[PDB]
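Asker: Provide a 3D model corresponding to the input given below.
(5 chains, ligands or ions: 10)
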Amino acid sequence: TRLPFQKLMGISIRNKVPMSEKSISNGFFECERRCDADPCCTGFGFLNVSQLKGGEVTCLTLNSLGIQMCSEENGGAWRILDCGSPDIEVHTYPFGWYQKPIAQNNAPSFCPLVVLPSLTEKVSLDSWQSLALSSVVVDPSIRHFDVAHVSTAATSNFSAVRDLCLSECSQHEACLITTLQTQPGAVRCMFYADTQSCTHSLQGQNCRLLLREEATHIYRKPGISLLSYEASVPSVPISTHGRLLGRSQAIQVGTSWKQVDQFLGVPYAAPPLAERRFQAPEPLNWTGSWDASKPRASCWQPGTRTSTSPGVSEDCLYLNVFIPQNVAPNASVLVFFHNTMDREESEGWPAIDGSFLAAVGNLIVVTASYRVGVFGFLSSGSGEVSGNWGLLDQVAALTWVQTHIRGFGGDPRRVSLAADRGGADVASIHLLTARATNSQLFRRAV
Amino acid sequence: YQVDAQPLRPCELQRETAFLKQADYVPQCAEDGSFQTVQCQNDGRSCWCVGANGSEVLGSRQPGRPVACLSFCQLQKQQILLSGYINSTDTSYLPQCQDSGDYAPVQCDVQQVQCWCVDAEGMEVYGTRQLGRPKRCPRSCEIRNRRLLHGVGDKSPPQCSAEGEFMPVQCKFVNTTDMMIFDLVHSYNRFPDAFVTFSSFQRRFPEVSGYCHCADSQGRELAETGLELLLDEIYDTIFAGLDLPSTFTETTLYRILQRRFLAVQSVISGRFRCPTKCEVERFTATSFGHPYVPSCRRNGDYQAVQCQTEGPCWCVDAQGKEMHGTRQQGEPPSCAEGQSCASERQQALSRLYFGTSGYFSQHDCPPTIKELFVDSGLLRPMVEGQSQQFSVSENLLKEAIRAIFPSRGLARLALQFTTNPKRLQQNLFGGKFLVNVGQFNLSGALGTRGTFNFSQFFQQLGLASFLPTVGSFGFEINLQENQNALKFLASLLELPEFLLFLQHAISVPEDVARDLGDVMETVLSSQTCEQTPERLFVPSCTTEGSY
Amino acid sequence: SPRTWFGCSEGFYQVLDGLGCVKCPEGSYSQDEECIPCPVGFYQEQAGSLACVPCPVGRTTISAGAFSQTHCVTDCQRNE
Amino acid sequence: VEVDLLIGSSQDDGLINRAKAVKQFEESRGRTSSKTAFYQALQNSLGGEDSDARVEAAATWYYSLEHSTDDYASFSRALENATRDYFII
Amino acid sequence: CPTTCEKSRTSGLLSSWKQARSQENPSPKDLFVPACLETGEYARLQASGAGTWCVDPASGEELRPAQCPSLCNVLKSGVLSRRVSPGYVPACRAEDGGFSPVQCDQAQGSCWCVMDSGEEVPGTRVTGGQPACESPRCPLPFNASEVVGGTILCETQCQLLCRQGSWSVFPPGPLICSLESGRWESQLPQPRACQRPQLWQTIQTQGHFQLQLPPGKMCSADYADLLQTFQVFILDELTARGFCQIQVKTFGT
Ligand SMILES: *[C@@H]1O[C@H](CO)[C@@H](O[C@@H]2O[C@H](CO)[C@@H](O[C@@H]3O[C@H](CO)[C@@H](O)[C@H](O)[C@@H]3O)[C@H](O)[C@H]2NC(C)=O)[C@H](O)[C@H]1NC(C)=O
Ligand SMILES: *[C@@H]1O[C@H](CO)[C@@H](O)[C@H](O)[C@H]1NC(C)=O
Ligand SMILES: *[C@@H]1O[C@H](CO)[C@@H](O)[C@H](O)[C@H]1NC(C)=O
Ligand SMILES: *[C@@H]1O[C@H](CO)[C@@H](O)[C@H](O)[C@H]1NC(C)=O
Ligand SMILES: *[C@@H]1O[C@H](CO)[C@@H](O)[C@H](O)[C@H]1NC(C)=O
Ligand SMILES: *[C@@H]1O[C@H](CO)[C@@H](O)[C@H](O)[C@H]1NC(C)=O
Ligand SMILES: *[C@@H]1O[C@H](CO)[C@@H](O)[C@H](O)[C@H]1NC(C)=O
Ligand SMILES: *[C@@H]1O[C@H](CO)[C@@H](O)[C@H](O)[C@H]1NC(C)=O
Ligand SMILES: *[C@@H]1O[C@H](CO)[C@@H](O)[C@H](O)[C@H]1NC(C)=O
Ligand SMILES: *[C@@H]1O[C@H](CO)[C@@H](O)[C@H](O)[C@H]1NC(C)=O
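Answerer: Residues are numbered from 1 along each chain as shown, chains lettered A, B, ... in the order given. Ligands and ions are numbered 1, 2, ... in the order given. Structure as follows:
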């Protein structure tokens, strides 16, 4: 039977023989008969060696088929296993890593005993959250999976097959879940990404893994966050500025809880207070620890009440990034442009605490602010006074995000935008402008 | 030709030697070439069941078709066992066939030490003698594909799909200048990069021509169905940039040929498919004139209630076998002909007798189909149009999506490499082939010396040439009806809202729909599924159950 | 003529208004509807069986419980 | 350019409702004439951007708001009907 | 399928939906991912964040009254304080309070026997006969800590009582540990000797007819006429006529 595989590590080659004077079919009929006249052939290969020069046809008899990877059954959508050097060609139909029908009568005892390939780095079971069978669902449609058959050559030492598959997921950052099942012929190790399926309700917050066809033992990398914790307040490396100095808070959705590491009031442009009024973003360069543990004042709006309170000002260009603990590794970001009124009066809570859509959806929320009124959107003539102030400040925030969100743990190719009521008229303009694909700001739009 | 006519499995040899003599008896075969279980006479006044090789059993000759006779397994399992009782010498083998009558794939004796895989006809597959339990058995393709590679003639692999069963359309290549079979297990191997497109293939073999033909589940060619598809004017596709697949099957050179084969078979046979097991048995019964002609209800499956000529009558499942609780002389019976109330009555009564208080009884058309396909403007391009001039059969559109897109691995790739929906017919058939076969610019894509004999097909129509009605088999061809469907089918693919129908057809789970034709089975059925009533409602059925 | 009546089939005990049939855990084996414990010369190690498997030569601990893998040991450990 | 779109209005989105905070400072100093002049200036904008009478008299029939005489019951509601189906929805 | 904690521990590890202590206004140091046993008890002295506190089984809240007090001691202060109410004052023993296995209410209604968790074994008594439920006094076979899913009632006469929600696989004989030099006889109380029950899984009938042998009188047809050529010829002819087969309608098909 042909294996559905194209690369093998831990190979144990029993015999090799070149053949080029025969045809393909007649040369293949020699190649089956040679493994037949070998009492502990497990299977044979049949492939061109040195295909980069167009090399000749071999019939290499194998003793063991150690680990079998890069299956041709997930397509090529998600590879974490290198599928061979381009010098063998196990691709064309008469060629193939073939094996015998695996009889329960094994190879007789005079054959040289085979070993698994040795693990490079020593793995520990303490660095892998073991999970139960009652916490997954079979989903025969998921497509970011991988598979690696480890054959029944290692009859004993199930824990050495396990330490070999976990030593492969520990080398790749894309793999986060390792499920492996024994079966008649191999130990089928599979590999996944962070494939969760939570069922949010009011009486609880249950979560469980998405899996293709189930396995016995399930192993998972633990959660990790890119946020430091001194005195249990969060901080984060900004690229060229330094560290922020944020705030932590536990929130309630139904009956369960989640820590959201709220960095409120993060600046992204210079304050247009006086004579920087009616000019520009003018990007600011601070350095050190920015005190980011409180909301900032919002912008002056048409219809502003006369209460000159520290909740409204002109310098509102400040972001409120709301991050759950242990997000998805390449996370998702929602940019939400919303200045607010003075109906709240310096209470210390944000007018839209966007950390709940962050928590329930396992994503990052950057609640934004932008100049509305006459302090922005003031055009005159055909000169330097342009009249897109606040509208070019939305670019000043979206470029802050897709530069500095790699520190917070996000992914600036899944980042969205959304505006509230009438700002959605003036924040839909960015979807119109055709720009370079390498510098596209968002990727969704609500 | 003769590679299946010399191993004609001599039931079919004994038909033609008896049919030409003008005799009152002729033996009746199955589609494979084996004898049927029940043999009859031409007048239908004496039917008797037969052994393996044409010899009848020693007394079952009922004046009429028997109620039940013995399968080829249980013929052999009695014949071995009484030979171990008359001669009293034991033989350490007896078959272990299932309820269907044919052999189980795994076969061994009572001690169960060497269990091997066997062919469905009966002969032992040479090589797979394991020591106790085969994990999988080879099917009819992979046996024929490997014995080919050992070298018993015909150097071109009878390609197959995913379990070793033959695909119904088989395309082999041939040089016209010698009329010998083109070597394909070597030319796909020795020249891989020559098989990118047909323009890159015809420049490497300027004498070869494609030869596609229908075939049964045994791999042998059906009689008078072979086409010789020319491949000169086939242009390139957008699928050239992808890598070459493993075998010849998944190559884009193969799937264009089966689409060009079955699109011709639509205007010839009225089916966008090869004929199934029902339609082959109906043609070979009408040809030799013997009784028990089957009935096929336009879907390829067997029509349920089947009567023979002026005799007893019964009903049949979708496999060709008799339902044992029915043999009614006179009127035809009523076997499950939309009688699903009495089964559905039992689900309401078991929901009626389930505790109290609605703790679970709430949670006791499929889901996510009624509110995505039949409501959201996606089915409305299909069963709708401008006027009455379609007669578009919906066991042709669910055959149209099935044969054009055979699996979900194509619907993702055809949608990912498509920007303009008007370009979709170009990179799917290799041209604008539906209006070339609708408005008949196909003289140049086909050719002579393919076993269909176009000339004796056009004389009963008198419309045109290349150089009621009966099609490739006993079929009715309203050719005006068939040409109007393919004009609609080309306009179906030139829509932005078919690509958005095809995107949601990928997201259908596997258990509710196996193939994309089964997606078209459920969606065309879910348009009538009104939402389920209140859970405590129970319908009322008749005596037999008729809602 | 005994009519139709419920039972359990593969390797399970049958206890006698509901869910009465029991998994037959390890240390035992289903012979004929009554899961007899596995004899002293063998061991079972997994629930719901027909028979129990041998351990290497001259190995048990006490009796026909035959609990798990570390219960066929030599008489070196039966020295008392 | 590939970006998915999830779009949608409310039923409450009126330009009277978007000017709820605008009325509050007008009520503070006190200008009752800044409401009846606001609706007609909104009715002035109800047609085209050039305030064509051929569209403004056409659309003021269709929402049937030609009763700016005695009450602001039907005249204030049906104006919000008209602006929302041209500025919002 | 998971318990009240293994479902919550999964939510704590996978997507950080932690629980909280005291529910009033929890700081993020007051949250915890639940740590639990092989069964879903909440595993006394579970800890995360600020430090280590103690949480009673079957309820994720902490046992608010050093070492955290035992289950009898918090339930005695839960019944006498009248916040929880099974229906009796619990009876601790004088040191390391588990459950002293003579448990009954005011005015001696009905006294019954406990497990380690405190639940009924079952098998209860009325105050005319005080239920003697003591130690086994014989060691368990194969070095077992305790028999899972039950205790050992002893009247100087010991047997296995499977818990409420299970059945003993073999019938528990009235075994004897009446100071018999610390051993059993003729049967051992094996570990794992009770499993949770499960629904009926096969259905079967019988049938009766006879052949009425035509060739005279012949019960000499015995050699290869009992298991060979019969039980098989009557079986092929039974399934050729179609009686080893149920074919019913799943909505048409
Ligand atoms: C595996 O290796 C064998 C041996 O190298 C490959 O077979 C060789 O394939 C090349 C083409 O790639 C053939 O060359 C051709 O020769 C003919 C003349 O015979 C010439 O007209 C062509 O232009 C071309 O140069 C070569 O003959 C052939 N050799 C044999 C012995 O078959 C084979 O293709 C390799 N397999 C794969 C899948 O690449
Ligand atoms: C098998 O596993 C055990 C336990 O992990 C280990 O001590 C032993 O070395 C392994 N055997 C081999 C040959 O690696
Ligand atoms: C996140 O995306 C980047 C894109 O280059 C990739 O390199 C990285 O491995 C991804 N991380 C995870 C954990 O998927
Ligand atoms: C901040 O640094 C950048 C570095 O390129 C510089 O161009 C910019 O002028 C600086 N901002 C100010 C206000 O000087
Ligand atoms: C049937 O007859 C043929 C010869 O015509 C013979 O080869 C074959 O073995 C026979 N089969 C049986 C089952 O008698
Ligand atoms: C064995 O029994 C068969 C039964 O048909 C009989 O024909 C045959 O003559 C017997 N003897 C031999 C030598 O085969
Ligand atoms: C087909 O037949 C002609 C006959 O001369 C020959 O030249 C040609 O090479 C043949 N095709 C192949 C594949 O060899
Ligand atoms: C059929 O007609 C079309 C349109 O004129 C033309 O492009 C095409 O080449 C014709 N087909 C053939 C085979 O000449
Ligand atoms: C405004 O629209 C709603 C839509 O439901 C309608 O019911 C209402 O009558 C409209 N208002 C007026 C004043 O006509
Ligand atoms: C049982 O095993 C434990 C270790 O698991 C050991 O400490 C003890 O001595 C053994 N024997 C008895 C009688 O408990």
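Asker: just confirm yes or no for the lengthiest strand in chain A near chain E.
Answerer: Using DSSP state E to define each element, chain A has its longest strand at strand A:256-267. Yes. Counting by Cβ under 8 Å from any Cβ of the partner chain, chain E is contacted by strand A:256-267 at A:256, A:257, A:258, A:259. Where you see a C-beta, it was placed from the backbone N, CA and C, and this is true even at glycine.
Asker: just how off-centre is that strand within its chain?
Answerer: Distance of strand A:256-267 from the chain centroid (Cα atoms, centre = their mean, to the nearest Å) equals 21 Å.
Asker: list the contacts for residue 72?
Answerer: With no chain named, the answer covers chain A. Residue A:72 makes contact with A:4, A:5, A:6, B:246 under the criterion Cβ atoms under 8 Å, 6 or more residues apart in numbering or on different chains.
Asker: that was the other one, I meant chain E.
Answerer: Per Cβ under 8 Å, 6+ apart, neighbours of residue E:72: E:90, E:91, E:92, E:97, E:98, E:99, E:118.
Asker: over to residue B:258?
Answerer: Counted by Cβ under 8 Å, 6+ apart, residue B:258 has contacts B:167, B:169, B:171, B:212, B:403.
Asker: which SS class is the fourth one?
Answerer: In this case it means residue B:212. Counting by DSSP: H, G, I helix; E, B strand; the rest coil, the backbone at residue B:212 sits in strand.
Asker: got a list of what it touches?
Answerer: So residue B:212 contacts B:169, B:170, B:171, B:172, B:226, B:227, B:229, B:257, B:258, B:260, B:261 (Cβ under 8 Å, 6+ apart).
Asker: 7 Å - rerun?
Answerer: B:169, B:170, B:171, B:227, B:229, B:257, B:258, B:261 (Cβ atoms under 7 Å, 6 or more residues apart in numbering or on different chains).
Asker: helix, strand or coil for the closest residue in space to the first one that isn't next to it in sequence?
Answerer: Leaving aside its chain neighbours, residue B:169 sits nearest to residue B:258 (4.5 Å; criterion: Cβ to Cβ, 6 or more residues apart in numbering or on different chains). Under the three-state scheme (three-state DSSP), the conformation of residue B:258 reads as helix.
Asker: please apply the same query to the one 10 residues further on.
Answerer: Under three-state DSSP, the three-state class of residue B:268 is helix.
Asker: what's the local residue count around it?
Answerer: Residues within reach of residue B:268, counting by other Cβ atoms under 10 Å in any protein chain shown, total 22.
Asker: ok, the one 10 residues further on next?
Answerer: Applying other Cβ under 10 Å, we find 23 residues neighbouring residue B:278.
Asker: can you classify it by secondary structure?
Answerer: Applying three-state DSSP: residue B:278 is helix.
Asker: can you tell me which residues contact it?
Answerer: Taking Cβ under 7 Å, 6+ apart as the test, what residue B:278 contacts is B:294, B:296, B:300, B:301, B:302.
Asker: contacts only, for the fourth one.
Answerer: In other words, residue B:301. B:278, B:318.
Asker: that one and residue B:320, how far apart?
Answerer: From residue B:301 over to residue B:320 the distance is 10 Å, taken as Cβ to Cβ, to the nearest Å.
Asker: going by distance to chain B, which of the residues of strand A:256-267 next to chain E wins?
Answerer: residue A:256 (22.8 Å; Cβ to the nearest Cβ).
Asker: so that closest one sits against residue E:17, correct?
Answerer: Yes. Contact criterion Cβ atoms under 7 Å: residue A:256 and residue E:17 qualify, at 4.4 Å.
Asker: overlap in contacts of those two?
Answerer: Residues within reach of residue A:256 and of residue E:17 at once, by Cβ under 7 Å, 6+ apart, are A:205, E:11.
Asker: who's more crowded, these two?
Answerer: residue E:17 (27 against 23).
Asker: distance of the more buried one from chain B?
Answerer: 24 Å (Cβ to the nearest Cβ, to the nearest Å).
Asker: ok and the residue in chain C nearest ligand 7?
Answerer: As assessed by Cβ to the nearest ligand atom, ligand 7 sits closest to residue C:10 within chain C, at 58.5 Å.
Asker: Provide the backbone phi and psi angles at that residue.
Answerer: phi -80, psi -70 (degrees, to the nearest 10).
Asker: nearest spatial neighbour of the residue in chain D that ligand 8 sits nearest to, skipping sequence neighbours?
Answerer: Minimum separation of chain D from ligand 8 (Cβ to the nearest ligand atom) falls at residue D:2, amounting to 34.4 Å. Excluding its sequence neighbours, the residue lying closest to residue D:2 (Cβ to Cβ, 6+ apart) is residue A:443, at 7.7 Å.
Asker: check whether that neighbour really touches residue A:414, as I assumed.
Answerer: Yes. Using Cβ under 7 Å, residue A:443 is in contact with residue A:414, at 6.0 Å.
Asker: list phi and psi for the most centrally placed residue in chain B.
Answerer: Closest residue to the average C-alpha location of chain B: residue B:276 at 4.2 Å, with Cα atoms, centre = their mean. Dihedral pair for residue B:276: phi -90, psi -170, per degrees, to the nearest 10.
Asker: show me the contacts for it.
Answerer: Contacts of residue B:276 by Cβ under 7 Å, 6+ apart are residue B:300.
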